[PDB]
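Shown next are two forms of a single protein chain, provided one at a time as structure tokens under the names structure 1 and structure 2.
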Structure 1
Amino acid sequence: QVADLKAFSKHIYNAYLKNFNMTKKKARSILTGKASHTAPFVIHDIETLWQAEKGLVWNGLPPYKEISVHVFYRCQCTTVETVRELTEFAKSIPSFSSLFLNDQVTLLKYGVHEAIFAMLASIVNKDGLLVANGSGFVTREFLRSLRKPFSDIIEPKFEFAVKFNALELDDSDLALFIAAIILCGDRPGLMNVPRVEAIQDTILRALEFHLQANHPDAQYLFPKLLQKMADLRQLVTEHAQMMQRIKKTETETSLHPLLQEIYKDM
């Protein structure tokens, strides 16, 4: 079915183009200083963070605690908005919308963080990360300087992102990769596992064909990406352990209810 899969792919790419605020194409043009007549405002210390908050780049956040917790809250806000986009992306996939509504929630529940860290790589380079829909750039050094434990959260995502970005995927590749992360039969408590497994396999087959066409000189790209899916599960496991520790030890720190639900029983 060499051409049913091409149509399938184009539909998933269109769902992606329609629902994600930041594409990798856009992200990389910003990060190489070739997108606007003004660069992103660089946040690298307390003073620039404060300037960014005074309308320079940017509220409904919880009551201010301190700098490390403030950044933690902004990470939560960003995560909530990316979860919203991922849900619309998934719903824009017909095979997803026909599943048990409770299976839809199960797939999102166990898939969004894997997808988030995959997409994170698109707005990351070795020196920092885009924020505020590209209008700011927060430095990796600044994040390293936060108070423990908050300074340990993000550093592992940088390590993953730089290796992942070496594969030089584009948005059409990423649309299928994310779709495969969400439509995953290994997720606990699925009601119709064979139905999800068949969609997953269709997506992976589409992805394999897409890569042959899109990257014809890349050797072993498909099995490399499967390994990255495995790596993303470990990355999320470690992230969840750090979140657990923050919930245990940082009891002044507020936790968004949607995100607390996602982590409940993992």
Structure 2
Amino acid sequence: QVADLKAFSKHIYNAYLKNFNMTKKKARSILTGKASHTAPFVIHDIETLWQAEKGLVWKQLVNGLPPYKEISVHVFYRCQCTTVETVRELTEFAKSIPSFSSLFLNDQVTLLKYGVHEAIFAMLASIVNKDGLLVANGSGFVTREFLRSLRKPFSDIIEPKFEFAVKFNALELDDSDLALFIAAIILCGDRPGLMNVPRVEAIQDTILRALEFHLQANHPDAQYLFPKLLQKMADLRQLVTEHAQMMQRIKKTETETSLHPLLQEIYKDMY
């Protein structure tokens, strides 16, 4: 409609504000320039990361890169705990979605398991910059260069996500649209092992229609809307595909570094 659909693209919006502490507009906030309200402790190297492990208080020993675990692997490790924490908000997000909680628990898991990462790599863009990423609830800011300065296996597992973030932030979206662009990716019927495909697909459509008129209310000046946003939903389906591969290679040669159980469950079917 034009209101019931206006209240739908709104409800999901509150579900997106009450489940994600770091919103794009609250992140774009820090990454300003003439802002001293919040100055993020920049990393760029092993020294700043070490003290960051103190100045930004991270419960996991004042660092964590001995002759068993190293710098690189400790970042990857740090990377997965945030992810695991974001998978958590997404779950609480999707559950706040209307007909989502309608689905049987098994289907809710299938949707998350397969779309929780495409969604997260999409929000990544919200806290990104051409020169770095926001970490530690806005208090940190790990430079992009620093991350490319990581070991061989790792290091190249975060750069493509930047390549995407750059472009994806060129569409100039805002939290309102993101709330809908996320719920759309989670409510994806093309997910493997989905039980009530017709149902999911139906909720999807109303999502994409909600996102439809909404890109009309807020943004009235382009064409990014859908052919670009929808194409980016596909672009994300590959980023995840390439990401699941490095992950499988890491698990196959990085016998030293562990993988969070939850993340091991998510992977093991994708290809």
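Residue 1 is the first residue of structure 1, and the numbers go on in sequence order from there. Think of the rigid core as the biggest set of C-alphas that the two forms share within 1.5 Å after superposition.
For the residues 198, 229, 218, 39, superposed on the rigid core between structure 1 and structure 2, a C-alpha shift of 2 angstroms or more shows up only at 218. Taking 2 Å as the criterion, residue 50 does not count as shifted between structure 1 and structure 2: its C-alpha moves by less than this amount when the rigid core is aligned. Look at residue 94: with the core superposed, its C-alpha moves 2.3 Å between structure 1 and structure 2. Note on residue 21: its Cα is shifted 1.1 Å between structure 1 and structure 2, core used for superposition.
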